[PDB]
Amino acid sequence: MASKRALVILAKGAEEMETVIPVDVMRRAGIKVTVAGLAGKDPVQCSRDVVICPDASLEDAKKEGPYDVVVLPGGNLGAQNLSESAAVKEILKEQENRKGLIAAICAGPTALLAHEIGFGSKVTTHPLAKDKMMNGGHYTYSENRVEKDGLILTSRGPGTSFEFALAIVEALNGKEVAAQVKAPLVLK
């Protein structure tokens, strides 16, 4: 059967929790995750300054077949870097056409806007991110902690990272896997 695969794009200024949590939860679900550094293989300084080292650069990871889900962490600077990246624009455009699940969280969804994706999809973001995301009314807004409209999965913030991560797991590997991975976390 093999295993599902995830491409997590880590850009300078990314929100540490929104990236680490999903990466952890997914690897627990049995999905092979690749933390692809946007600027290369060098270490990445996040929104609160924790430094995470990419498994590989976005340049290389990009040359490794198709991913079952592309996840974009949040973080003011990180989402910005993602928004301004031609590399990200191509990956997102392609994943979309390939009918591949795309997952963004916090400010992360504003990267879909920058790259004109999912137009017309129901979405949610960080409350303070709504303004930017809804400019030009390209999406319907949601206030659900986790919003999944077809193949566009979005979430509101650090506090929603587990529901976000688990939502991704269910979509990829099913509910039983999701429930098994959830128990140990000792979540409320």
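For clarity, a rigid core is taken as the largest C-alpha set superposing within 1.5 Å between two forms. One rule holds for the numbers: they count along the sequence shown, beginning at 1.
- The stretch that strays farther, by root mean square C-alpha distance over structures and residues in 6 other deposited structures of this protein after a rigid core fit, is 62 to 70, when 31 to 39 is set against 62 to 70.
- Stretches 56 to 64 and 22 to 30 differ in mean C-alpha B factor, with the higher average recorded for 56 to 64.
- For the segment pair 103 to 111 and 87 to 95, the entry gives 87 to 95 the higher mean B-factor, averaged over Cα atoms.
- Among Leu7, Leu187, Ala2, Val181, the highest C-alpha B-factor in the deposited entry belongs to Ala2.
- The top Cα temperature factor in the record, among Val146, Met134, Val51, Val69, falls on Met134.
- Sort the chain's modelled residues by C-alpha temperature factor and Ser47 lands in the lowest third, per the entry.
- Ranked within its chain, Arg156 lands in the middle third, by CA B factor from the PDB record.
- Per-chain ranking of the deposited C-alpha B factor places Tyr139 in the middle third.
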